[PDB]
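Enquirer: Take this structure first; my questions come after.
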Amino acid sequence: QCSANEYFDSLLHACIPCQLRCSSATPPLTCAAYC
Amino acid sequence: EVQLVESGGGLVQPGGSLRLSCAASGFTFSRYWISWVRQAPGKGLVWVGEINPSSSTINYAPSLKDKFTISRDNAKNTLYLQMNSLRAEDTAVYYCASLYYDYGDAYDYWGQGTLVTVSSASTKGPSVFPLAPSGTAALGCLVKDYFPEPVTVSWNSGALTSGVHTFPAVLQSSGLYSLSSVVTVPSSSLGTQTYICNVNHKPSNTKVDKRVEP
Amino acid sequence: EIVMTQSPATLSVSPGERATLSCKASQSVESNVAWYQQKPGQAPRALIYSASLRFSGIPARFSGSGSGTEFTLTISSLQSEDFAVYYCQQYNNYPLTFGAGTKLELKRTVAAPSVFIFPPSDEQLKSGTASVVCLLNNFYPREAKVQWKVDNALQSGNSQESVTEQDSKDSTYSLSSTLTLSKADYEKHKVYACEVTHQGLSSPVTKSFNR
Ligand SMILES: [Cu+2]
Ligand SMILES: [Cu+2]
């Protein structure tokens, strides 16, 4: 369960911000709305 | 300082069991995932399994379903690995590790690993033999025939490290390991200095201090 | 499982230059690849966790990229402390699978080996075994030949050899070749030579001894 500005990374088992992926290469499919 | 000290683990014939402990201290062990990873001698890494904080979701590796069992005790801030019915393919250095993402940054901490040797061969200590000193000279120290690993070698209780080279162990056709430790010293430093190679073998619990001279 | 194909197996490059590794995935794992560093004797050290996102305390020179089935870690400007093994890992699908692992070595000036040969000690003769050792210390690169010739008889199949990793200071290798023989066979031949051929030797250097 992550907010609308975060995706879940199974390696760290924690919600990672989308900003770190939006402004950097192709973000995950779930962050396309936050960019 | 964060730490993940790993105890337990050593030698055991096939089919036997062996429990491992991975004690933590320095970070909230009870709020992160902690996993296991083995590394067979001279090979890559292998994901054994992981476990969540509340122990409500344990993910193993299919090929190792029945062998290993993972559990944790948050009260003692320690992870466990209960290995059952192992084989020679299950020999490796078992590391524990924990990854998380707090404070806005991603971290990762590892234990120092512990060697687990699965084999039916019996423990034997090394048989030390000197190497005859041949404008730079050279002498050594043959550590032949010993099981299991490892074996440590130093010169003069650690008072000689310039040019010392201890080569990795190599398993002979007899299932036993053998390595050499050589050193480069001035040619004229023979009739004036004394050179000793002290070999230790914690498994066999041996200790050989051999003097090398022409 | 998902096979992560990581090439090249070994890469030789000098500090300050560039290094780009590759890791191909058996099947699309999306952006869920990591990158670790492991040095001889220590545990792995993670560097990337989302194919580009870096861990804490990891210099900015480490740059990871790629998605789907092809990922590449780029070490822009190399440093002495950055020469080690590097793995790739996927965690999009269980179980988590690693890569074979590339190893970085420090490309330095060529160095010829200092050959030595140690006849078997009289202590070992009582055991009934014979181990004729031949040392090749201080040479770059690691690609060196070390043959045996018992009375000009080029041996084969009865001589192993291990090697040390790159030295901290001079980043030079050291090789030992052990010819294992029987006590009876050792005392029915007199010459035990060790022919060394390396890039740093115009002609194959050789040194032997008489029993
Ligand atoms: Cu040396
Ligand atoms: Cu013969």
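We count from 1, first residue shown onward.
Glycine is treated like the rest: Cβ placed from N, Cα and C.
From Swiss-Prot, here are the annotated features:
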| type | residues | note |
| --- | --- | --- |
| DISULFID | A:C2-A:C15 | disulfide bond |
| DISULFID | A:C18-A:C31 | disulfide bond |
| DISULFID | A:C22-A:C35 | disulfide bond |
Enquirer: Within 10 angstroms of the C-beta of A:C31 (disulfide bond), what count of other C-beta atoms is obtained when all protein chains are considered?
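Expert: Neighbour count, Cβ to Cβ under the 10 Å cut-off: 20.
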Enquirer: So how many other Cβ atoms are close to A:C35 (disulfide bond), meaning within 10 Å of its Cβ?
Expert: 11
Enquirer: Nearest of the disulfide-bonded residues to A:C35 (disulfide bond) by CA-CA distance, picking from A:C2, A:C15, A:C18?
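Expert: When the Cα distances are compared, A:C18 comes out closest.
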Enquirer: In sequence order, what residues of the same chain, 6+ apart, have a Cβ less than 8 Å from the Cβ of A:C2 (disulfide bond)?
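Expert: Those within reach of A:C2 (disulfide bond), by Cβ under 8 Å and sequence separation of 6 or more, are A:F8, A:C15.
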Enquirer: What is the number of other Cβ atoms found within 10 Å of the Cβ of A:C15 (disulfide bond)?
Expert: 15
Enquirer: A:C18, A:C22: which of these disulfide-bonded residues has the sparsest Cβ neighbourhood within 10 Å?
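Expert: Fewest other Cβ atoms within 10 Å, among the disulfide-bonded residues A:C18, A:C22, is found for A:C22.
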Enquirer: If you measure A:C31 (disulfide bond) to A:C22 (disulfide bond) at Cα, how many Å is it?
Expert: 7
